[PDB]
Engineer: 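Sharing a structure with you now.
Below, chains carry the letters A, B, ... as their sequence lines are ordered, and counting in each starts from 1.
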Amino acid sequence: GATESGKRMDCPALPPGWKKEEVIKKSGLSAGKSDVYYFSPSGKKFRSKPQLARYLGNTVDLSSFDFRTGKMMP
DNA sequence: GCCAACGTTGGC
DNA sequence: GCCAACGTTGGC
């Protein structure tokens, strides 16, 4: 489910077609930690909440959006 | 030229 | 001291 890594998965808190993936760092000082990425319906990758907000504009309110989990967490 | 994966760091 | 957010870069 939602806490699987290495798996592209729907993010139901975002508009239709958005997906999320958690990538485990393979090497270096933070090996084993993770980065979370989002993918637009067109497949473009997004790496931060401000980046999502710039792109989505007023079609979403990301104020309570938790980037790491992909859930709204007021 | 693109882009995933690394490391950096300002703001907290 | 941590980490959200991003810049850089080698490998392609």
Engineer: Taking side-chain hydrogen bond (donor to acceptor under 3.5 Å, both in side chains) as the definition, give me every residue that meets it alongside A/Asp61, ordered by chain and number, with sequence neighbours left out.
Structural biologist: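 Listed in chain order: A/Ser63.
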
Engineer: Go through the structure and list residues passing side-chain hydrogen bond (donor to acceptor under 3.5 Å, both in side chains) with A/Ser5, not counting sequence neighbours.
Structural biologist: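 For A/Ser5 there are no side-chain hydrogen bond (donor to acceptor under 3.5 Å, both in side chains) partners, ignoring immediate neighbours.
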
Engineer: Show, in sequence, the C-alpha distance, side-chain angles and deciding distance for A/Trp18 and A/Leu52, and conclude whether the side chain to side chain contact (heavy atoms under 4.5 Å, CB included) test is met.
Structural biologist: CA-CA 11 Å; A/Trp18 282 87; A/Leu52 283 172; 3.4 Å; yes

Engineer: OP1 or OP2 of B/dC3 sitting under 4.0 Å from any side-chain N/O of A/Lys45?
Structural biologist: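 The answer is no; no side-chain N or O of A/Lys45 sits under 4.0 Å from OP1 or OP2.
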
Engineer: For A/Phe65 and C/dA4, give me the distance from atom CZ to atom P, rounded to whole Å.
Structural biologist: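 The distance from CZ of A/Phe65 to P of C/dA4 comes to 13 Å, rounded to the nearest Å.
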
Engineer: Reading nucleotides 6-12 of chain C 5' to 3', which nucleotides get B (base under 4.0 Å from a protein heavy atom), which S (sugar-phosphate only), which -?
Structural biologist: BB-----

Engineer: Distance check needed: B/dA4 P versus A/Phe46 CZ, whole Å only.
Structural biologist: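 Atom-to-atom, A/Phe46 to B/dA4, this comes out as 13 Å.
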
Engineer: What is the separation between atom CZ on A/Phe67 and atom P on C/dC3, rounded to the nearest whole Å?
Structural biologist: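 Atom CZ in A/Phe67 sits about 15 Å away from atom P in C/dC3.
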
Engineer: With a 6.0 Å cut-off on the ring centroids, do A/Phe46 and A/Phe39 count as close?
Structural biologist: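 No; A/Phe39 has its ring centre 6.0 Å or more from that of A/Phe46.
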
Engineer: Which whole-number value in Å describes the distance from A/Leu52 CG to C/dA4 P?
Structural biologist: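 The answer, rounded to whole Å, is 14 Å.
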
Engineer: Under a 4.0 Å N-O cut-off, is there an ion pair linking A/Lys25 with A/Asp35?
Structural biologist: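 Yes, charged N to carboxylate O under 4.0 Å.
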
Engineer: Cation-pi check, A/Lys45 to A/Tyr37: give yes when NZ or CZ is under 6.0 Å from the six-membered ring centre and within 45° of the ring axis, no otherwise.
Structural biologist: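 Output yes; distance and angle both within limits.
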
